[PDB]
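Going line by line, the protein sequences match chains C and G. Heads up, the first sequence stops at 1027 in the authors' numbering, and the numbers go up one at a time, no gaps. Heads up, the second sequence stops at 396 in the authors' numbering, and the numbers go up one at a time, no gaps. Input: a single structure, listed below in structure tokens.
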Amino acid sequence: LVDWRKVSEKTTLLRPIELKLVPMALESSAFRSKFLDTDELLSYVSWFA
Amino acid sequence: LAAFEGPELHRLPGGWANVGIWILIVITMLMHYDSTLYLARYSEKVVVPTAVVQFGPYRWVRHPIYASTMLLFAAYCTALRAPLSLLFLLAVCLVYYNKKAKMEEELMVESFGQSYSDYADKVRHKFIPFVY
């Protein structure tokens, strides 16, 4: 679903380790879009841990 | 009517039949406390909601404190074994509590707009999970 051409045109000045850590930040910023709380995520994170 | 209808306190059974009652009590107080903690966290003043709440019991039932309070009386009518009173409190509490829910809901739909609209689209079931 991701148009990787735009992403590559957005990461031109970076390096291969940053090219590897790009999808992590993309998922973080994509989950940033919705309206959600903190404490439930701590609860589920702790339970799954 | 619940005290009148229910059997005498020594005739009602115990053992593994009184373990469901404890389950109902604990689940009621969990749901109500979670609903209260979620509702009171987002309000700046005593009752002034800054945003729309859609977490925990709010992602199951649109009015969770009300449902928890009625479920308290339902477990109470289960305790002395009087289902008929349980049904009658279902009727009367549902009527009054739906009236107040309609008033509150129309107020905060007017004051918030699309957010609670799509939230109510997400959770239609207003008091009981997929029963009403």
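Ideal Cβ placement from N, Cα and C applies to all residues, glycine included.
Beta-carbon gap between residue i and residue j smaller than 8 angstroms
{"i": "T989 (chain C)", "j": "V980 (chain C)", "result": "no"}
{"i": "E269 (chain G)", "j": "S349 (chain G)", "result": "yes"}
{"i": "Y302 (chain G)", "j": "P277 (chain G)", "result": "no"}
{"i": "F391 (chain G)", "j": "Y330 (chain G)", "result": "yes"}
{"i": "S307 (chain G)", "j": "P328 (chain G)", "result": "no"}
{"i": "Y360 (chain G)", "j": "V316 (chain G)", "result": "no"}
Which of helix, strand or coil DSSP assigns to residue i
{"i": "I392 (chain G)", "result": "coil"}
{"i": "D1015 (chain C)", "result": "coil"}
{"i": "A1027 (chain C)", "result": "coil"}
{"i": "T990 (chain C)", "result": "coil"}
{"i": "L997 (chain C)", "result": "helix"}
{"i": "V387 (chain G)", "result": "coil"}
{"i": "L265 (chain G)", "result": "coil"}
{"i": "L344 (chain G)", "result": "coil"}
Residue i versus residue j: straight-line alpha-carbon distance, rounded
{"i": "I289 (chain G)", "j": "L997 (chain C)", "result": "53 angstroms"}
{"i": "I285 (chain G)", "j": "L294 (chain G)", "result": "14 angstroms"}
{"i": "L1004 (chain C)", "j": "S986 (chain C)", "result": "13 angstroms"}
{"i": "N362 (chain G)", "j": "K309 (chain G)", "result": "25 angstroms"}
{"i": "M367 (chain G)", "j": "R275 (chain G)", "result": "44 angstroms"}
{"i": "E272 (chain G)", "j": "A338 (chain G)", "result": "19 angstroms"}
{"i": "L353 (chain G)", "j": "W1025 (chain C)", "result": "37 angstroms"}
Endpoints, alpha helix (DSSP H) assigned at residue i
{"i": "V980 (chain C)", "result": "No alpha helix (DSSP H) holds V980 (chain C); DSSP gives it neither H nor E."}
{"i": "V373 (chain G)", "result": "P347 to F376"}
- Let me know the beta strand (DSSP E) ranges lying completely inside the stretch 272–338 of chain G, each 3 residues or longer, listed in chain order. none
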